[PDB]
Amino acid sequence: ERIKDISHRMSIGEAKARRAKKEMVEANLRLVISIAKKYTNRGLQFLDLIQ
DNA sequence: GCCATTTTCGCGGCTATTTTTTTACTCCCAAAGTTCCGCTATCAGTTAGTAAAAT
């Protein structure tokens, strides 16, 4: 019972942190693009710089 | 649901001989793996010397 409770609490915490981190990343994708716009034509393509 | 019209896809001669191209750009630090010089030590090859043999 105790290990099951600990596992459920840990899984919930990791899921919540992962969701929040995903929200932040999806919000700032546009900042990533704005930064990567300035390093084109240096051997890498635009999408590689974005990733 | 067939009849026509618009959209891709692939093609357009053979041999020679003369000749390179070119934009775009942080830094620092600590930690880790690699190299370059120097020394050692062993083995194998080469060479000098001397005895053994033959004339």
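Within every chain, numbering begins at 1; the chains are lettered A, B, ... in the order of the sequence lines, protein sequences first and strands thereafter. All values below come from the heavy atoms of this structure, side chains included, with hydrogens, waters and symmetry mates left out.
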Step through the shown structure and confirm whether more than 12 heavy atoms of other residues, nucleotides or ligands are within 6.0 Å of CZ on A:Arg42.
yes

Heavy atoms from other residues, nucleotides or ligands near CZ of A:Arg9 exceed 12 (cutoff 6.0 Å):
yes

For [N], the sugar region implied by its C1'-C2'-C3'-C4' torsion sign:
N	value
B:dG13	north
B:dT18	north
B:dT40	south
B:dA16	north
B:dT19	south

Test the consecutive nucleotides B:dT18 and B:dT19 for base stacking (six-membered ring centres under 5.5 Å, planes under 30 degrees) and report the result as yes or no.
no

Are the six-membered base rings of B:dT6 and B:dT7 centred less than 5.5 Å apart, with their planes inclined by less than 30 degrees?
yes

[X] [atom1] to [N] [atom2]: how many Å, rounded?
X	N	atom1	atom2	answer
A:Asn41	B:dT23	CG	P	12 Å
A:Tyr39	B:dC25	OH	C1'	9 Å
A:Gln45	B:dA24	CD	P	19 Å

A:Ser11 side chain vs A:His8 backbone, donor-acceptor pair below 3.5 Å
no

Side chains of A:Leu29 and A:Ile33 in contact at under 4.5 Å (non-hydrogen atoms):
no

